[PDB]
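my_file_5.cif follows; it contains mmCIF, C-alpha atoms.
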```
data_final
loop_
_atom_site.label_atom_id
_atom_site.label_comp_id
_atom_site.auth_asym_id
_atom_site.auth_seq_id
_atom_site.Cartn_x
_atom_site.Cartn_y
_atom_site.Cartn_z
CA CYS A 51 8.34 -96.59 -55.93
CA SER A 52 7.24 -93.81 -58.26
CA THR A 53 9.62 -92.02 -60.60
CA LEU A 54 8.99 -88.46 -61.72
CA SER A 55 8.62 -87.88 -65.45
CA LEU A 56 11.25 -85.27 -66.27
CA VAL A 57 10.40 -82.79 -69.01
CA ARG A 58 12.62 -80.60 -71.16
CA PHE A 59 11.51 -77.16 -72.29
CA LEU A 60 13.06 -77.63 -75.73
CA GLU A 61 10.85 -80.64 -76.45
CA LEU A 62 7.61 -78.83 -75.62
CA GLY A 63 5.75 -77.12 -78.42
CA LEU A 64 5.87 -73.87 -76.45
CA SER A 65 9.61 -73.74 -77.18
CA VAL A 66 8.87 -72.17 -80.57
CA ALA A 67 7.33 -69.15 -78.84
CA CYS A 68 10.63 -67.70 -77.59
CA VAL A 69 14.29 -67.90 -78.58
CA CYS A 70 16.68 -68.64 -75.71
CA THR A 71 20.38 -67.76 -75.61
CA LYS A 72 22.63 -68.93 -72.80
CA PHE A 73 24.39 -65.88 -71.33
CA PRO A 74 26.96 -66.83 -68.68
CA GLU A 75 27.64 -63.22 -67.60
CA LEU A 76 24.15 -61.90 -66.83
CA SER A 77 25.14 -61.18 -63.24
CA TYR A 78 27.41 -58.27 -64.19
CA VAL A 79 24.91 -56.78 -66.63
CA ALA A 80 22.94 -53.68 -65.74
CA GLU A 81 20.12 -52.55 -68.04
CA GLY A 82 20.42 -53.70 -71.63
CA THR A 83 18.67 -52.37 -74.71
CA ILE A 84 17.74 -53.29 -78.26
CA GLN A 85 17.71 -51.03 -81.31
CA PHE A 86 14.91 -50.67 -83.84
CA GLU A 87 14.76 -48.79 -87.13
CA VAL A 88 11.99 -48.99 -89.71
CA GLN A 89 11.03 -46.97 -92.78
CA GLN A 90 7.43 -46.79 -93.93
CA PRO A 91 6.68 -47.23 -97.64
CA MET A 92 4.96 -44.18 -99.08
CA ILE A 93 2.54 -43.68 -101.95
CA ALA A 94 2.64 -40.95 -104.58
CA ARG A 95 -0.85 -39.60 -105.18
CA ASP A 96 -2.20 -36.84 -107.38
CA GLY A 97 -3.65 -33.56 -106.22
CA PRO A 98 -3.04 -30.97 -103.52
CA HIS A 99 -3.18 -33.66 -100.85
CA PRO A 100 0.39 -33.95 -99.51
CA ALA A 101 2.30 -36.74 -101.20
CA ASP A 102 4.60 -36.50 -98.23
CA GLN A 103 8.25 -37.36 -97.80
CA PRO A 104 9.22 -40.83 -96.58
CA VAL A 105 9.21 -41.29 -92.81
CA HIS A 106 11.87 -42.85 -90.60
CA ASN A 107 11.78 -43.52 -86.88
CA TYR A 108 14.13 -44.93 -84.23
CA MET A 109 12.42 -46.82 -81.39
CA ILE A 110 14.40 -48.19 -78.44
CA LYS A 111 13.21 -50.91 -76.08
CA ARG A 112 14.50 -51.67 -72.59
CA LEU A 113 15.21 -55.01 -70.94
CA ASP A 114 13.41 -56.32 -67.86
CA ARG A 115 14.78 -58.64 -65.19
CA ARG A 116 13.43 -61.49 -63.07
CA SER A 117 14.86 -64.59 -61.45
CA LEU A 118 13.87 -68.15 -60.65
CA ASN A 119 14.66 -69.85 -57.36
CA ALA A 120 14.58 -73.32 -55.80
CA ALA A 121 15.91 -74.89 -52.62
CA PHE A 122 16.51 -78.23 -50.92
CA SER A 123 18.47 -79.60 -47.98
CA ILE A 124 20.34 -82.67 -46.74
CA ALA A 125 20.36 -83.85 -43.14
CA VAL A 126 23.44 -83.94 -40.93
CA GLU A 127 23.57 -87.72 -40.58
CA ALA A 128 23.56 -88.08 -44.35
CA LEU A 129 26.27 -85.43 -44.52
CA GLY A 130 28.50 -87.45 -42.22
CA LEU A 131 27.80 -90.75 -43.94
CA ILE A 132 28.52 -89.32 -47.41
CA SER A 133 31.68 -87.48 -46.38
CA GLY A 134 33.31 -90.73 -45.26
CA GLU A 135 33.85 -89.40 -41.75
CA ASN A 136 31.52 -91.73 -39.83
CA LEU A 137 31.90 -94.96 -41.81
CA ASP A 138 33.11 -97.89 -39.72
CA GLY A 139 34.36 -101.35 -40.60
CA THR A 140 30.81 -102.71 -40.54
CA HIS A 141 28.77 -103.86 -43.51
CA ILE A 142 25.78 -102.38 -41.69
CA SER A 143 27.29 -98.94 -42.21
CA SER A 144 27.95 -99.24 -45.95
CA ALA A 145 24.25 -100.00 -46.39
CA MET A 146 23.31 -96.74 -44.68
CA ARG A 147 25.84 -94.87 -46.79
CA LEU A 148 24.32 -96.33 -49.95
CA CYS B 51 -12.47 -130.10 -68.14
CA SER B 52 -12.39 -130.41 -71.93
CA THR B 53 -15.58 -132.47 -72.02
CA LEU B 54 -17.22 -130.13 -69.53
CA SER B 55 -18.72 -126.71 -70.28
CA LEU B 56 -17.39 -124.17 -67.79
CA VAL B 57 -17.36 -120.38 -67.63
CA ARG B 58 -13.67 -120.01 -66.84
CA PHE B 59 -12.86 -116.83 -64.96
CA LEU B 60 -9.94 -116.04 -67.28
CA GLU B 61 -11.90 -115.50 -70.47
CA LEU B 62 -14.30 -112.67 -69.63
CA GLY B 63 -13.52 -109.01 -69.81
CA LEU B 64 -13.55 -108.96 -66.02
CA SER B 65 -10.22 -110.72 -65.49
CA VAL B 66 -8.38 -107.68 -66.84
CA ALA B 67 -9.31 -105.78 -63.68
CA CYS B 68 -7.71 -107.84 -60.89
CA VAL B 69 -4.24 -109.37 -60.89
CA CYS B 70 -5.04 -112.86 -59.65
CA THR B 71 -2.11 -114.73 -58.15
CA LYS B 72 -2.06 -118.16 -56.54
CA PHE B 73 -0.82 -118.31 -52.95
CA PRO B 74 -0.93 -121.69 -51.20
CA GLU B 75 0.22 -120.51 -47.77
CA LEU B 76 -2.38 -117.79 -47.29
CA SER B 77 -3.75 -119.44 -44.16
CA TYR B 78 -0.60 -119.03 -42.04
CA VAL B 79 -0.64 -115.25 -42.52
CA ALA B 80 -1.20 -112.49 -39.99
CA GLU B 81 -1.94 -108.93 -41.14
CA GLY B 82 -0.65 -108.59 -44.69
CA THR B 83 0.60 -105.15 -45.62
CA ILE B 84 1.86 -103.18 -48.61
CA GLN B 85 3.89 -100.00 -48.95
CA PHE B 86 4.12 -96.93 -51.16
CA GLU B 87 6.19 -93.80 -51.63
CA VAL B 88 5.83 -90.81 -53.94
CA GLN B 89 7.77 -87.67 -54.82
CA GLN B 90 5.72 -84.89 -55.98
CA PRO B 91 7.24 -82.83 -58.79
CA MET B 92 7.94 -79.23 -57.89
CA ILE B 93 8.33 -76.03 -59.86
CA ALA B 94 10.63 -73.14 -59.06
CA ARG B 95 9.03 -69.91 -57.90
CA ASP B 96 10.02 -66.29 -58.53
CA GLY B 97 10.12 -64.65 -55.12
CA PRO B 98 12.71 -66.45 -53.02
CA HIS B 99 11.06 -68.28 -50.13
CA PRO B 100 12.99 -71.29 -48.71
CA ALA B 101 9.97 -73.54 -48.25
CA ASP B 102 9.83 -75.74 -51.38
CA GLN B 103 12.08 -78.64 -50.28
CA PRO B 104 10.56 -81.50 -52.33
CA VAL B 105 8.31 -83.62 -50.13
CA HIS B 106 8.35 -87.37 -49.54
CA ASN B 107 5.38 -89.58 -48.69
CA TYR B 108 5.13 -93.14 -47.38
CA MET B 109 1.66 -94.63 -47.68
CA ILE B 110 0.76 -98.08 -46.36
CA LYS B 111 -2.27 -100.34 -46.77
CA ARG B 112 -3.50 -103.55 -45.16
CA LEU B 113 -5.15 -106.73 -46.38
CA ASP B 114 -8.84 -107.50 -45.92
CA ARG B 115 -9.98 -111.04 -45.19
CA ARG B 116 -12.69 -112.82 -47.14
CA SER B 117 -13.87 -116.37 -47.74
CA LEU B 118 -15.77 -118.20 -50.47
CA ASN B 119 -17.73 -121.36 -49.69
CA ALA B 120 -19.57 -124.14 -51.48
CA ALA B 121 -21.67 -127.07 -50.28
CA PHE B 122 -21.91 -130.69 -51.40
CA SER B 123 -23.64 -133.79 -50.09
CA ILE B 124 -24.17 -137.50 -50.70
CA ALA B 125 -25.77 -140.51 -48.99
CA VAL B 126 -23.77 -143.05 -47.02
CA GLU B 127 -24.57 -146.39 -48.68
CA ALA B 128 -24.65 -144.46 -51.96
CA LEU B 129 -20.88 -144.18 -51.82
CA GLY B 130 -20.51 -147.78 -50.64
CA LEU B 131 -21.77 -149.10 -53.97
CA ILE B 132 -18.96 -147.50 -55.99
CA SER B 133 -16.34 -149.31 -53.91
CA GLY B 134 -16.75 -152.87 -55.18
CA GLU B 135 -15.46 -153.85 -58.64
CA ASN B 136 -18.03 -156.23 -60.09
CA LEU B 137 -18.61 -157.40 -63.66
CA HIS B 141 -24.92 -159.68 -63.38
CA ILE B 142 -24.84 -159.30 -59.59
CA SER B 143 -28.39 -157.93 -59.47
CA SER B 144 -27.42 -154.36 -58.57
CA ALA B 145 -26.71 -152.69 -61.93
CA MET B 146 -29.84 -150.51 -62.03
CA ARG B 147 -28.96 -149.40 -58.51
CA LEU B 148 -25.26 -149.04 -59.32
#
```
Structure rendered as structure tokens:
Amino acid sequence: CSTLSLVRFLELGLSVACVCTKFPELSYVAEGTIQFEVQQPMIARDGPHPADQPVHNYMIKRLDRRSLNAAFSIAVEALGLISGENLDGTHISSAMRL
Amino acid sequence: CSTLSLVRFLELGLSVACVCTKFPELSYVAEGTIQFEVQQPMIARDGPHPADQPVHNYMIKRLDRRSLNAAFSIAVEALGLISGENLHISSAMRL
């Protein structure tokens, strides 16, 4: 029998690329934003060339959305055996349930 | 064996390839078999399509028969000489 080697995203080196925050309410959330402000350092220089005023700017960035997905099934016989509905007083049945 | 000089099979670098195991009752054996099973790891997709359903495999193999022979011979009176226990009796050089 082969066992699958499970991997955890936090242990990979790629984890340092992004920062992940668990957000248990994302289903209710329509578009979200983030706010940016930044002020450029200026330089005072001699002459008629404009030694201009400092510059501000306010950039906003919008949030995108995508979703993962995965599926699997369980047969009906297994459903009965697990539920405890079909088990009989036979050792042969407990083996199948296991 | 200590006084002999043999090339034992379990000292080369070749032994590390096959897992030898002694089996006395190999002769009373019909088709010998062996089983396998694997789960292949899956990854979740983006567009929902209900067709991933992690697979299951059950491989099976069979044994292959093979022999290994060796010959040996001796004369008939030749053996007869080693039977008697004698201390000459005019047969040493022959014995």
Might you spell out which residues the PyMOL selection byres ((chain A) within 8 of (chain B)) would select in the displayed file, as a PyMOL selection string?
-> chain A and resi 51-54+116-123
Any chance you could resolve the PyMOL selection byres ((chain A and resi 109) around 12) against this file and give the residues as a PyMOL selection string?
-> chain A and resi 83-89+106-108+110-112
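The interatomic distance for the pair atom CA of residue 60 of chain B and atom CA of residue 74 of chain B works out to 19.3 Å.
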So how many Å separate atom CA of residue 127 of chain B and atom CA of residue 144 of chain B, to one decimal?
->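 It comes out at 13.0 Å.
In this structure, atom CA of residue 109 of chain B sits 25.2 Å away from atom CA of residue 126 of chain A.
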Tell me, as a short mmCIF file (atom, residue, chain, number, x, y, z; two decimals) with C-alpha atoms, in the frame of the given file, which residues lie within 10 Å of residue 130 of chain A, counting all atoms listed in the file; anything in the same chain fewer than 6 positions away does not count.
```cif
data_model
loop_
_atom_site.label_atom_id
_atom_site.label_comp_id
_atom_site.auth_asym_id
_atom_site.auth_seq_id
_atom_site.Cartn_x
_atom_site.Cartn_y
_atom_site.Cartn_z
CA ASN A 136 31.52 -91.73 -39.83
CA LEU A 137 31.90 -94.96 -41.81
CA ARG A 147 25.84 -94.87 -46.79
#
```
